[PDB]
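Colleague: Right, I'll just put the structure down here and ask away after.
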Amino acid sequence: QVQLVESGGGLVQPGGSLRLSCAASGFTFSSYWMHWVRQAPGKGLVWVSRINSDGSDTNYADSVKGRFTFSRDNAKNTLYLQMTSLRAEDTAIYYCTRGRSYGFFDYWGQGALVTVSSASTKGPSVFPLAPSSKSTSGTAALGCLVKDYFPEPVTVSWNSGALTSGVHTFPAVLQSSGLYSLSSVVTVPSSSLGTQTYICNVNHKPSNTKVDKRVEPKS
Amino acid sequence: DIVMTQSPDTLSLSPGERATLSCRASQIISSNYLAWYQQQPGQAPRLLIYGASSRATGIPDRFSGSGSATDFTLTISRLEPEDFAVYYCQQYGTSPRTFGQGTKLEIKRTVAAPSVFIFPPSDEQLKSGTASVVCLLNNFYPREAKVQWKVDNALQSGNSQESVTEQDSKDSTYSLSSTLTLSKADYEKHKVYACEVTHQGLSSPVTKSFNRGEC
C-alpha cells in the first residue's frame with residue numbers, strides 16, 4: 001500500500017545544514033505533487049514546501065525560502081529536502097506528504113525529528129526501577145530510568161517487543177542540565193517475578209547507543 | 001495570509017456523545033477547499049475530510065464536515081475512547097496551505113484513583129554520584145493530581161520533575177511519574193523518602209515511602 005518513510009532526522013548546529021529524504025511506494029510517484037509539512041514540539045502544523053510532479057518546479061513557505069531546496073528523483077522514487085543555514089525555530093518533526101487537489105495531504109509519513117541546537121550529542125544511561133514483592137499492590141510494577149541524553153528521541157521496548165501490555169513510556173522532560181530524561185514502566189504479576197525475565201531495550205540513534213537492561217527485584 | 005481560527009481550544013466529552021468543532025477563516029475559502037485532520041499522540045496527522053464535506057478513504061461515517069464560506073464545522077457524533085486527539089482544520093485554496101491551531105479532544109471516563117509506586121535509586125546510579133527517586137501514579141482520571149515529596153518529613157520543592165502520559169486510547173486514563181533528583185551525598189544524609197499523593201478518586205492522601213537502604 002501507499003507508504004512514505006523519512007530518513008536523516010537528527011541534530012544540527014545553528015547555521016548548519018541537514019538533508020532529509022523520503023522513500024515512497026504503493027502508488028505512481030511521478031503522478032503526484034509532494035510536500036513537506038512540519039510541526040514544532042507541542043505546536044501546530046506548518047506547510048514547508050511543494051514540488052510538482054516532475055521535480056522542475058517548487059513553492060516554499062516564506063520563512064524557509066532561499067534556505068531549503070526541495071528535489072525529487074523519480075527513478076529512485078525519492079524526495080530530498082536540503083536544509084541550509086538552519087535556525088532554532090526550524091526545530092520540528094518533518095512529515096513527508098502526498099498532495100491532492102490544490103493541496104490537501106491524504107498520506108503522511110511517520111516523520112523525522114530535526115533538532116537545531118549548538119549542544120552536542122549524548123547517549124542515555126539506563127538504570128533499573130526494580131520491582132518489590134513487598135511495596136507493591138493494586139499487582140507489581142517495574143521499569144527503566146533512561147537518563148541524561150540529547151537530543152530527542154529514544155525508543156524503549158520490553159523483551160524486544162514481546163511485552164507491550166501495561167507499558168507506559170513517559171514523555172521525556174528537559175532537565176536543568178539541558179539533558180533529557182524519562183522512565184518506562186510496566187505493571188506485571190507478583191507471582192511471575194523470579195520466573196519471568198524483564199529486559200528493557202533502549203535505542204538512541206543520534207548517539208548510536210543501544211542498551212539492554214535486565215530489571216530485577218533487589219535482595 | 002489567511003488565518004484559520006479553531007474553537008474551542010479544548011473539549012472534554014463522554015463516549016456516545018457528540019462533538020462539534022469550529023473553524024473560521026479570515027478570507028473566503030474558494031470552492032470549498034477545506035480539509036480536516038485527526039492527530040493522535042505520537043502519530044502523523046490523518047486526513048478525515050476534504051472539500052469541506054467529503055470523507056477521506058477508510059474514514060467512518062460518524063465524522064461529517066459542513067460549512068461554506070468562512071464558517072466550517074466538524075461533527076463527531078458517537079465518540080469512542082479512540083477519538084481522543086487534536087483536530088486540525090486546513091485551507092488549501094492558497095499558499096501557504098494554512099492550518100488552524102487545533103481543538104484538543106479529551107474523552108471522559110469514570111473517576112479512577114491512581115495506584116502509587118515508589119522506586120529508590122539503583123545501586124548503579126549511586127556509584128555515578130546522583131540519586132533519582134521515582135514516584136509512579138498509574139492509570140488515573142481525571143488528569144489533575146498532586147504529588148508532594150518528603151525527605152525525613154521535610155517537604156521538598158524545586159528538585160523534582162513531572163511527566164504525564166497522553167490519555168490512553170482504550171481505557172482513557174493517564175499515568176504520571178514524579179522524579180526527585182538529589183546528589184549522592186544528600187541522598188545518604190537522610191533516611192525516609194516519601195511520596196504523598198492527592199487525587200479526586202482517593203478519599204484521603206496516599207503515601208508511599210521507603211527507608212534508604214532497607215531490603
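In the C-alpha cells, chains take the letters A, B, ... in the order shown, each chain's residues start at 1, and ligands count up from 1 in the order shown.
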For chain A versus chain B, which residues have an atom no more than 8 Å away, and what is each residue's nearest atom pair and distance in Å rounded to one decimal, using only C-alpha atoms, chain-then-number order, as a Markdown table?
Modeller:
| residue | atom | partner | partner_atom | distance |
| --- | --- | --- | --- | --- |
| A:43 | CA | B:101 | CA | 7.9 |
| A:44 | CA | B:101 | CA | 5.5 |
| A:45 | CA | B:99 | CA | 6.3 |
| A:46 | CA | B:99 | CA | 7.0 |
| A:47 | CA | B:97 | CA | 6.3 |
| A:61 | CA | B:96 | CA | 6.2 |
| A:95 | CA | B:44 | CA | 7.6 |
| A:102 | CA | B:92 | CA | 6.0 |
| A:103 | CA | B:92 | CA | 5.1 |
| A:104 | CA | B:92 | CA | 6.0 |
| A:105 | CA | B:47 | CA | 7.1 |
| A:106 | CA | B:47 | CA | 5.7 |
| A:107 | CA | B:46 | CA | 7.4 |
| A:108 | CA | B:44 | CA | 6.4 |
| A:109 | CA | B:44 | CA | 6.8 |
| A:110 | CA | B:44 | CA | 5.6 |
| A:111 | CA | B:44 | CA | 6.9 |
| A:127 | CA | B:122 | CA | 6.6 |
| A:128 | CA | B:122 | CA | 6.4 |
| A:129 | CA | B:119 | CA | 6.0 |
| A:130 | CA | B:119 | CA | 7.0 |
| A:135 | CA | B:117 | CA | 7.5 |
| A:136 | CA | B:117 | CA | 6.6 |
| A:137 | CA | B:115 | CA | 7.7 |
| A:138 | CA | B:115 | CA | 6.0 |
| A:141 | CA | B:117 | CA | 7.2 |
| A:168 | CA | B:165 | CA | 7.5 |
| A:169 | CA | B:165 | CA | 7.6 |
| A:170 | CA | B:165 | CA | 5.6 |
| A:171 | CA | B:163 | CA | 6.2 |
| A:172 | CA | B:163 | CA | 7.2 |
| A:173 | CA | B:163 | CA | 6.8 |
| A:183 | CA | B:177 | CA | 7.9 |
| A:218 | CA | B:215 | CA | 7.5 |
| A:219 | CA | B:215 | CA | 6.1 |
Colleague: Write out as a VMD selection string all residues of stretch 60-97 of chain B that DSSP puts in strand (DSSP E) for this structure's backbone.
Modeller: chain B and resid 63 to 67 71 to 76 85 to 91
Colleague: Dump C-alpha atoms for the selected residues as a PDB file, in the first residue's frame?
Modeller:
ATOM      1  CA  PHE B  63     -17.253  12.064  11.063  1.00  0.00           C
ATOM      2  CA  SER B  64     -19.050  14.724   8.988  1.00  0.00           C
ATOM      3  CA  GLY B  65     -17.854  18.137   7.769  1.00  0.00           C
ATOM      4  CA  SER B  66     -20.055  21.096   6.819  1.00  0.00           C
ATOM      5  CA  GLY B  67     -19.851  24.844   6.143  1.00  0.00           C
ATOM      6  CA  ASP B  71     -17.564  29.176   8.776  1.00  0.00           C
ATOM      7  CA  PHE B  72     -16.827  25.452   8.866  1.00  0.00           C
ATOM      8  CA  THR B  73     -17.663  22.559  11.171  1.00  0.00           C
ATOM      9  CA  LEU B  74     -16.521  19.033  12.008  1.00  0.00           C
ATOM     10  CA  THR B  75     -19.149  16.945  13.759  1.00  0.00           C
ATOM     11  CA  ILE B  76     -18.147  13.721  15.520  1.00  0.00           C
ATOM     12  CA  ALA B  85      -6.924  13.560  19.538  1.00  0.00           C
ATOM     13  CA  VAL B  86      -6.032  17.007  18.376  1.00  0.00           C
ATOM     14  CA  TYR B  87      -8.209  18.011  15.411  1.00  0.00           C
ATOM     15  CA  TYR B  88      -6.916  20.442  12.778  1.00  0.00           C
ATOM     16  CA  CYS B  89      -8.714  22.299  10.015  1.00  0.00           C
ATOM     17  CA  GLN B  90      -6.863  23.334   6.831  1.00  0.00           C
ATOM     18  CA  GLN B  91      -7.403  25.762   3.941  1.00  0.00           C
TER      19      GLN B  91
END
Colleague: B:29, B:113, B:4, B:128: which is nearest residue B:184, counting only C-alpha atoms?
Modeller: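 Checking each candidate against residue B:184, we get B:128 as the closest.
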Colleague: Can you list, as a PyMOL selection string, every protein, DNA or RNA residue that comes within 8 Å of residue B:207 when you count only C-alpha atoms, leaving out same-chain residues fewer than 5 positions away?
Modeller: chain B and resi 194-197
Colleague: With N, CA, C and O atoms retained, export the selected residues as an mmCIF file, in the first residue's frame.
Modeller:
data_model
loop_
_atom_site.group_PDB
_atom_site.id
_atom_site.type_symbol
_atom_site.label_atom_id
_atom_site.label_comp_id
_atom_site.auth_asym_id
_atom_site.auth_seq_id
_atom_site.Cartn_x
_atom_site.Cartn_y
_atom_site.Cartn_z
ATOM 1 N N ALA B 194 9.554 9.764 50.927
ATOM 2 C CA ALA B 194 8.118 9.554 50.772
ATOM 3 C C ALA B 194 7.515 10.448 49.730
ATOM 4 O O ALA B 194 7.896 11.605 49.549
ATOM 5 N N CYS B 195 6.471 9.904 49.147
ATOM 6 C CA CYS B 195 5.754 10.478 48.055
ATOM 7 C C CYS B 195 4.300 10.535 48.500
ATOM 8 O O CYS B 195 3.712 9.504 48.841
ATOM 9 N N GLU B 196 3.729 11.736 48.566
ATOM 10 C CA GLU B 196 2.369 11.860 49.074
ATOM 11 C C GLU B 196 1.427 12.283 47.966
ATOM 12 O O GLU B 196 1.607 13.335 47.359
ATOM 13 N N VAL B 197 0.419 11.460 47.700
ATOM 14 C CA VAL B 197 -0.415 11.687 46.541
ATOM 15 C C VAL B 197 -1.861 12.058 46.875
ATOM 16 O O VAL B 197 -2.548 11.362 47.638
#
Colleague: Find the residues around residue A:164 up to 10 Å (only C-alpha atoms counted), leave out those fewer than 6 positions away in its own chain, and share them as a list in words.
Modeller: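 With the cut-off at 10 Å, the set is residues 157, 158 and 186 of chain A.
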Colleague: Dump C-alpha atoms for the selected residues as a CSV table (one decimal), in the first residue's frame?
Modeller:
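Once everything was written out, this is again_22.csv:
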chain,number,residue,atom,x,y,z
A,157,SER,CA,10.6,-1.6,24.2
A,158,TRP,CA,10.4,-4.5,26.5
A,186,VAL,CA,5.3,-1.7,33.2
Colleague: Show me, as a PyMOL selection string, the residues that have an atom within 6 Å of residue B:78 when counting only C-alpha atoms, minus same-chain residues fewer than 4 positions from it.
Modeller: chain B and resi 16-18
Colleague: What's around residue A:155 at 7 Å? Count only C-alpha atoms, leave out sequence neighbours fewer than 2 positions away in its own chain, and write the answer as a compact mmCIF listing (two decimals) with N, CA and C atoms, in the first residue's frame.
Modeller:
# COMPACT_ATOMS: atom_id res chain seq x y z
N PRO A 153 15.01 11.77 19.80
CA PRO A 153 14.23 10.88 20.67
C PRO A 153 14.96 9.62 21.11
N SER A 157 11.50 -0.41 24.27
CA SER A 157 10.62 -1.55 24.15
C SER A 157 10.93 -2.48 25.31
N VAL A 202 16.68 -0.02 24.96
CA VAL A 202 16.70 1.41 24.67
C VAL A 202 17.56 1.69 23.46
N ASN A 203 17.01 2.46 22.52
CA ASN A 203 17.75 2.84 21.32
C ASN A 203 17.75 4.36 21.21
N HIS A 204 18.94 4.93 21.09
CA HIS A 204 19.11 6.37 20.90
C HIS A 204 19.97 6.60 19.66
Colleague: Return the single residue from B:211, B:167, B:172, B:137 that is closest to residue B:150, with distances computed using only C-alpha atoms.
Modeller: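 So, comparing all the options, the nearest one is B:211.
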Colleague: With only C-alpha atoms as the counted atoms, please give the residues lying no more than 9 Å from residue A:56, apart from itself and same-chain residues fewer than 3 positions off, as a PyMOL selection string.
Modeller: chain A and resi 51-53+71-72
Colleague: Keeping only N, CA and C atoms, write the selected residues to a file as a PDB file, in the first residue's frame.
Modeller:
ATOM      1  N   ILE A  51       6.587  20.313  -4.341  1.00  0.00           N
ATOM      2  CA  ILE A  51       7.233  20.028  -5.610  1.00  0.00           C
ATOM      3  C   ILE A  51       6.216  19.468  -6.601  1.00  0.00           C
ATOM      4  N   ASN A  52       6.296  19.922  -7.849  1.00  0.00           N
ATOM      5  CA  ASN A  52       5.382  19.448  -8.875  1.00  0.00           C
ATOM      6  C   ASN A  52       5.764  18.021  -9.278  1.00  0.00           C
ATOM      7  N   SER A  53       4.963  17.416 -10.150  1.00  0.00           N
ATOM      8  CA  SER A  53       5.090  16.001 -10.466  1.00  0.00           C
ATOM      9  C   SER A  53       6.483  15.606 -10.924  1.00  0.00           C
ATOM     10  N   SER A  71      13.906  18.694  -3.838  1.00  0.00           N
ATOM     11  CA  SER A  71      14.150  17.963  -5.083  1.00  0.00           C
ATOM     12  C   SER A  71      13.553  16.568  -5.040  1.00  0.00           C
ATOM     13  N   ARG A  72      13.430  15.948  -6.207  1.00  0.00           N
ATOM     14  CA  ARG A  72      12.924  14.588  -6.281  1.00  0.00           C
ATOM     15  C   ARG A  72      13.587  13.784  -7.395  1.00  0.00           C
TER      16      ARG A  72
END
